[PDB]
file run34.pdb (PDB, C-alpha atoms)
ATOM      1  CA  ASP V 476       9.779   2.311  -7.230  1.00  0.00           C
ATOM      2  CA  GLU V 477       7.725   2.537 -10.435  1.00  0.00           C
ATOM      3  CA  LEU V 478       5.570  -0.535  -9.756  1.00  0.00           C
ATOM      4  CA  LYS V 479       4.748   0.597  -6.210  1.00  0.00           C
ATOM      5  CA  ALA V 480       3.774   4.058  -7.477  1.00  0.00           C
ATOM      6  CA  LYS V 481       1.574   2.831 -10.335  1.00  0.00           C
ATOM      7  CA  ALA V 482      -0.182   0.313  -8.074  1.00  0.00           C
ATOM      8  CA  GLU V 483      -1.279   3.002  -5.605  1.00  0.00           C
ATOM      9  CA  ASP V 484      -2.771   5.083  -8.429  1.00  0.00           C
ATOM     10  CA  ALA V 485      -5.012   2.227  -9.585  1.00  0.00           C
ATOM     11  CA  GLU V 486      -6.353   1.770  -6.047  1.00  0.00           C
ATOM     12  CA  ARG V 487      -7.435   5.411  -5.736  1.00  0.00           C
ATOM     13  CA  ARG V 488      -9.017   5.426  -9.216  1.00  0.00           C
ATOM     14  CA  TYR V 489     -11.188   2.375  -8.363  1.00  0.00           C
ATOM     15  CA  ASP V 490      -9.363  -0.169 -10.533  1.00  0.00           C
ATOM     16  CA  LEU V 491      -9.021  -3.658  -9.047  1.00  0.00           C
ATOM     17  CA  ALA V 492      -7.768  -5.230 -12.302  1.00  0.00           C
ATOM     18  CA  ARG V 493      -4.509  -3.229 -12.175  1.00  0.00           C
ATOM     19  CA  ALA V 494      -3.482  -2.752  -8.535  1.00  0.00           C
ATOM     20  CA  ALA V 495      -3.961  -6.441  -7.685  1.00  0.00           C
ATOM     21  CA  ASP V 496      -1.962  -7.545 -10.752  1.00  0.00           C
ATOM     22  CA  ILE V 497       1.130  -5.582  -9.618  1.00  0.00           C
ATOM     23  CA  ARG V 498       1.335  -5.776  -5.818  1.00  0.00           C
ATOM     24  CA  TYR V 499       0.923  -9.578  -5.733  1.00  0.00           C
ATOM     25  CA  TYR V 500       2.392 -10.445  -9.149  1.00  0.00           C
ATOM     26  CA  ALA V 501       4.833  -7.829 -10.440  1.00  0.00           C
ATOM     27  CA  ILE V 502       6.357  -6.934  -7.051  1.00  0.00           C
ATOM     28  CA  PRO V 503       6.926 -10.538  -5.830  1.00  0.00           C
ATOM     29  CA  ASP V 504       8.500 -11.560  -9.153  1.00  0.00           C
ATOM     30  CA  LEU V 505      10.925  -8.607  -9.079  1.00  0.00           C
ATOM     31  CA  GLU V 506      11.903  -8.853  -5.393  1.00  0.00           C
ATOM     32  CA  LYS V 507      12.956 -12.505  -5.687  1.00  0.00           C
ATOM     33  CA  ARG V 508      15.495 -11.591  -8.378  1.00  0.00           C
ATOM     34  CA  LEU V 509      17.158  -9.029  -6.101  1.00  0.00           C
ATOM     35  CA  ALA V 510      17.412 -11.564  -3.263  1.00  0.00           C
ATOM     36  CA  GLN V 511      19.492 -13.859  -5.485  1.00  0.00           C
ATOM     37  CA  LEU V 512      22.008 -11.058  -6.101  1.00  0.00           C
ATOM     38  CA  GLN V 513      22.280 -10.082  -2.423  1.00  0.00           C
ATOM     39  CA  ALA V 514      23.639 -13.503  -1.443  1.00  0.00           C
ATOM     40  CA  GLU V 515      26.258 -13.343  -4.207  1.00  0.00           C
ATOM     41  CA  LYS V 516      27.619 -10.055  -2.842  1.00  0.00           C
ATOM     42  CA  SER V 517      28.145 -11.432   0.669  1.00  0.00           C
ATOM     43  CA  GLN V 518      29.908 -14.566  -0.603  1.00  0.00           C
ATOM     44  CA  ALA V 519      32.228 -12.552  -2.862  1.00  0.00           C
ATOM     45  CA  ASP V 520      33.366 -10.306   0.005  1.00  0.00           C
ATOM     46  CA  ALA V 521      34.391 -13.281   2.163  1.00  0.00           C
ATOM     47  CA  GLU V 522      37.001 -14.516  -0.326  1.00  0.00           C
ATOM     48  CA  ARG V 523      38.474 -11.034  -0.799  1.00  0.00           C
ATOM     49  CA  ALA V 524      38.448 -10.360   2.978  1.00  0.00           C
ATOM     50  CA  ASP V 525      38.332  -6.591   2.384  1.00  0.00           C
ATOM     51  CA  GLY V 526      35.481  -5.896  -0.020  1.00  0.00           C
ATOM     52  CA  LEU V 527      35.206  -2.994  -2.444  1.00  0.00           C
ATOM     53  CA  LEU V 528      35.945   0.384  -0.849  1.00  0.00           C
ATOM     54  CA  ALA V 529      34.949   2.241  -4.051  1.00  0.00           C
ATOM     55  CA  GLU V 530      31.224   1.481  -3.759  1.00  0.00           C
ATOM     56  CA  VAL V 531      29.978   2.757  -0.378  1.00  0.00           C
ATOM     57  CA  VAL V 532      29.872   6.544  -0.050  1.00  0.00           C
ATOM     58  CA  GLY V 533      31.803   7.437   3.087  1.00  0.00           C
ATOM     59  CA  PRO V 534      33.842  10.297   4.550  1.00  0.00           C
ATOM     60  CA  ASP V 535      36.455   9.897   1.796  1.00  0.00           C
ATOM     61  CA  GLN V 536      34.031  11.014  -0.928  1.00  0.00           C
ATOM     62  CA  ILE V 537      32.787  13.964   1.161  1.00  0.00           C
ATOM     63  CA  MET V 538      36.153  15.612   1.867  1.00  0.00           C
ATOM     64  CA  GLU V 539      37.025  15.574  -1.847  1.00  0.00           C
ATOM     65  CA  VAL V 540      34.037  17.748  -2.789  1.00  0.00           C
ATOM     66  CA  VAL V 541      34.906  20.431  -0.226  1.00  0.00           C
ATOM     67  CA  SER V 542      38.579  20.410  -1.258  1.00  0.00           C
ATOM     68  CA  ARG V 543      37.619  21.314  -4.845  1.00  0.00           C
TER      69      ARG V 543
ATOM     70  CA  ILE X 408     -12.325   7.033  10.605  1.00  0.00           C
ATOM     71  CA  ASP X 409      -9.529   7.615   8.079  1.00  0.00           C
ATOM     72  CA  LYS X 410      -7.550   4.677   9.487  1.00  0.00           C
ATOM     73  CA  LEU X 411     -10.458   2.267   8.997  1.00  0.00           C
ATOM     74  CA  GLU X 412     -11.164   3.606   5.497  1.00  0.00           C
ATOM     75  CA  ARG X 413      -7.544   3.284   4.350  1.00  0.00           C
ATOM     76  CA  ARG X 414      -7.283  -0.301   5.616  1.00  0.00           C
ATOM     77  CA  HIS X 415     -10.598  -1.206   3.960  1.00  0.00           C
ATOM     78  CA  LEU X 416      -9.368  -0.327   0.460  1.00  0.00           C
ATOM     79  CA  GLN X 417      -6.145  -2.298   0.970  1.00  0.00           C
ATOM     80  CA  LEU X 418      -8.032  -5.500   1.823  1.00  0.00           C
ATOM     81  CA  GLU X 419     -10.146  -5.185  -1.333  1.00  0.00           C
ATOM     82  CA  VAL X 420      -7.057  -5.180  -3.567  1.00  0.00           C
ATOM     83  CA  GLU X 421      -5.640  -8.250  -1.812  1.00  0.00           C
ATOM     84  CA  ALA X 422      -8.946 -10.120  -2.119  1.00  0.00           C
ATOM     85  CA  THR X 423      -9.003  -9.481  -5.880  1.00  0.00           C
ATOM     86  CA  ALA X 424      -5.732 -11.288  -6.633  1.00  0.00           C
ATOM     87  CA  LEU X 425      -6.720 -14.240  -4.424  1.00  0.00           C
ATOM     88  CA  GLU X 426      -9.775 -14.982  -6.587  1.00  0.00           C
ATOM     89  CA  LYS X 427      -7.602 -15.616  -9.655  1.00  0.00           C
ATOM     90  CA  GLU X 428      -5.592 -18.371  -7.930  1.00  0.00           C
ATOM     91  CA  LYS X 429      -7.367 -21.644  -7.086  1.00  0.00           C
ATOM     92  CA  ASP X 430      -5.175 -23.807  -4.848  1.00  0.00           C
ATOM     93  CA  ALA X 431      -4.700 -24.809  -1.204  1.00  0.00           C
ATOM     94  CA  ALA X 432      -3.168 -21.422  -0.304  1.00  0.00           C
ATOM     95  CA  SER X 433      -5.614 -18.836  -1.712  1.00  0.00           C
ATOM     96  CA  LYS X 434      -8.989 -20.177  -0.548  1.00  0.00           C
ATOM     97  CA  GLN X 435      -7.945 -20.155   3.115  1.00  0.00           C
ATOM     98  CA  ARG X 436      -6.424 -16.667   2.928  1.00  0.00           C
ATOM     99  CA  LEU X 437      -9.479 -15.246   1.140  1.00  0.00           C
ATOM    100  CA  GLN X 438     -11.738 -16.282   4.031  1.00  0.00           C
ATOM    101  CA  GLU X 439      -9.551 -14.335   6.473  1.00  0.00           C
ATOM    102  CA  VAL X 440      -9.627 -11.159   4.364  1.00  0.00           C
ATOM    103  CA  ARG X 441     -13.424 -11.152   4.056  1.00  0.00           C
ATOM    104  CA  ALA X 442     -13.766 -11.800   7.796  1.00  0.00           C
ATOM    105  CA  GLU X 443     -11.543  -8.816   8.617  1.00  0.00           C
ATOM    106  CA  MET X 444     -13.563  -6.481   6.380  1.00  0.00           C
ATOM    107  CA  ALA X 445     -16.733  -7.339   8.314  1.00  0.00           C
ATOM    108  CA  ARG X 446     -15.196  -6.258  11.634  1.00  0.00           C
ATOM    109  CA  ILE X 447     -13.814  -2.981  10.250  1.00  0.00           C
ATOM    110  CA  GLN X 448     -17.214  -1.811   8.993  1.00  0.00           C
ATOM    111  CA  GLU X 449     -18.791  -2.879  12.299  1.00  0.00           C
ATOM    112  CA  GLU X 450     -16.958  -0.106  14.180  1.00  0.00           C
ATOM    113  CA  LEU X 451     -17.011   2.305  11.207  1.00  0.00           C
ATOM    114  CA  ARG X 452     -20.746   2.629  10.518  1.00  0.00           C
ATOM    115  CA  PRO X 453     -21.574   4.215  13.934  1.00  0.00           C
ATOM    116  CA  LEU X 454     -18.780   6.731  13.216  1.00  0.00           C
ATOM    117  CA  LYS X 455     -18.991   7.308   9.450  1.00  0.00           C
ATOM    118  CA  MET X 456     -22.752   7.888   9.311  1.00  0.00           C
ATOM    119  CA  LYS X 457     -22.541  10.031  12.455  1.00  0.00           C
ATOM    120  CA  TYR X 458     -19.871  12.285  10.940  1.00  0.00           C
ATOM    121  CA  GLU X 459     -21.734  12.607   7.633  1.00  0.00           C
ATOM    122  CA  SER X 460     -24.982  13.461   9.436  1.00  0.00           C
ATOM    123  CA  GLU X 461     -23.376  16.326  11.362  1.00  0.00           C
ATOM    124  CA  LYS X 462     -21.436  17.573   8.330  1.00  0.00           C
ATOM    125  CA  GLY X 463     -24.436  17.291   6.010  1.00  0.00           C
ATOM    126  CA  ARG X 464     -26.652  19.315   8.343  1.00  0.00           C
ATOM    127  CA  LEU X 465     -24.062  21.952   9.277  1.00  0.00           C
ATOM    128  CA  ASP X 466     -23.251  22.689   5.626  1.00  0.00           C
ATOM    129  CA  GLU X 467     -26.946  23.237   4.870  1.00  0.00           C
ATOM    130  CA  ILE X 468     -27.157  25.925   7.567  1.00  0.00           C
ATOM    131  CA  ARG X 469     -24.374  27.871   5.842  1.00  0.00           C
ATOM    132  CA  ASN X 470     -26.280  27.852   2.542  1.00  0.00           C
ATOM    133  CA  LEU X 471     -29.391  29.144   4.326  1.00  0.00           C
ATOM    134  CA  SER X 472     -27.566  32.076   5.936  1.00  0.00           C
ATOM    135  CA  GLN X 473     -26.035  33.116   2.603  1.00  0.00           C
ATOM    136  CA  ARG X 474     -29.501  33.493   1.041  1.00  0.00           C
ATOM    137  CA  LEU X 475     -31.186  35.310   3.944  1.00  0.00           C
TER     138      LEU X 475
END

call {"tool": "encode", "arguments": {"input": "run34.pdb", "output": "structure tokens"}}
result
Amino acid sequence: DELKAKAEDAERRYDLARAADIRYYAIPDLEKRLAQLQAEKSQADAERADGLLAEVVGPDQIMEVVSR
Amino acid sequence: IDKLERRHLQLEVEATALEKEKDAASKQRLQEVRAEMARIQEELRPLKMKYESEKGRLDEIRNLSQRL
């Protein structure tokens, strides 16, 4: 979220040496690292056959706030 | 007019990063970006210069009435 915000500021301020070095260099290098971790989460949930119920915010975490 | 102006600045940032890479994947893509910028300005000049001509002349009339 920080690289996409700083790249748009360099485009409006007429700076081609900064916006082009982030959108096609910093962003692609950071998105490929997240894709490697997404495949590890799907493979770990198949062996457990139930996953982690203490990670996704659902109706269980909403009723506890009102009860307090 | 704003849609053609916003897309014109985005193609300039992409064409900047393609000039730093010299391979069999950046020279072909750079020719497609420069060809798209020529067609955007083709339909923008009859509309951008027409809007600036009406705005530039209407604003001058307001300055004349304020001094009369």

call {"tool": "interface_residues", "arguments": {"input": "run34.pdb", "of": "chain V", "to": "chain X", "cutoff": "7 Å", "atoms": "only C-alpha atoms", "output": "list in words"}}
result
residues 491, 494, 495, 496 and 499 of chain V

call {"tool": "atom_distance", "arguments": {"input": "run34.pdb", "atom1": "CA of residue 451 in chain X", "atom2": "CA of residue 414 in chain X"}}
result
11.5 Å

call {"tool": "axis_aligned_box", "arguments": {"input": "run34.pdb", "around": "range 427-431 of chain X", "padding_each_side": "8 Å", "output": "JSON"}}
result
{"center_x": -6.2, "center_y": -20.2, "center_z": -5.4, "size_x": 18.9, "size_y": 25.2, "size_z": 24.5}

call {"tool": "atom_distance", "arguments": {"input": "run34.pdb", "atom1": "CA of residue 525 in chain V", "atom2": "CA of residue 543 in chain V"}}
result
28.8 Å

call {"tool": "residues_near_point", "arguments": {"input": "run34.pdb", "point": "(-12.0, 3.9, 11.2)", "cutoff": "12 Å", "atoms": "all atoms listed in the file", "output": "list in words"}}
result
residues 408, 409, 410, 411, 412, 413, 414, 415, 416, 444, 446, 447, 448, 449, 450, 451, 452, 453, 454, 455, 456 and 458 of chain X

call {"tool": "residues_around", "arguments": {"input": "run34.pdb", "residues": "residue 498 in chain V", "least_positions_apart": "6", "cutoff": "8 Å", "atoms": "only C-alpha atoms", "output": "PyMOL selection string"}}
result
chain V and resi 478-479+482

call {"tool": "atom_distance", "arguments": {"input": "run34.pdb", "atom1": "CA of residue 516 in chain V", "atom2": "CA of residue 536 in chain V"}}
result
22.1 Å

call {"tool": "closest_residue", "arguments": {"input": "run34.pdb", "among": "V:490, V:530, V:541, V:476", "to": "residue 505 in chain V", "atoms": "only C-alpha atoms"}}
result
V:476
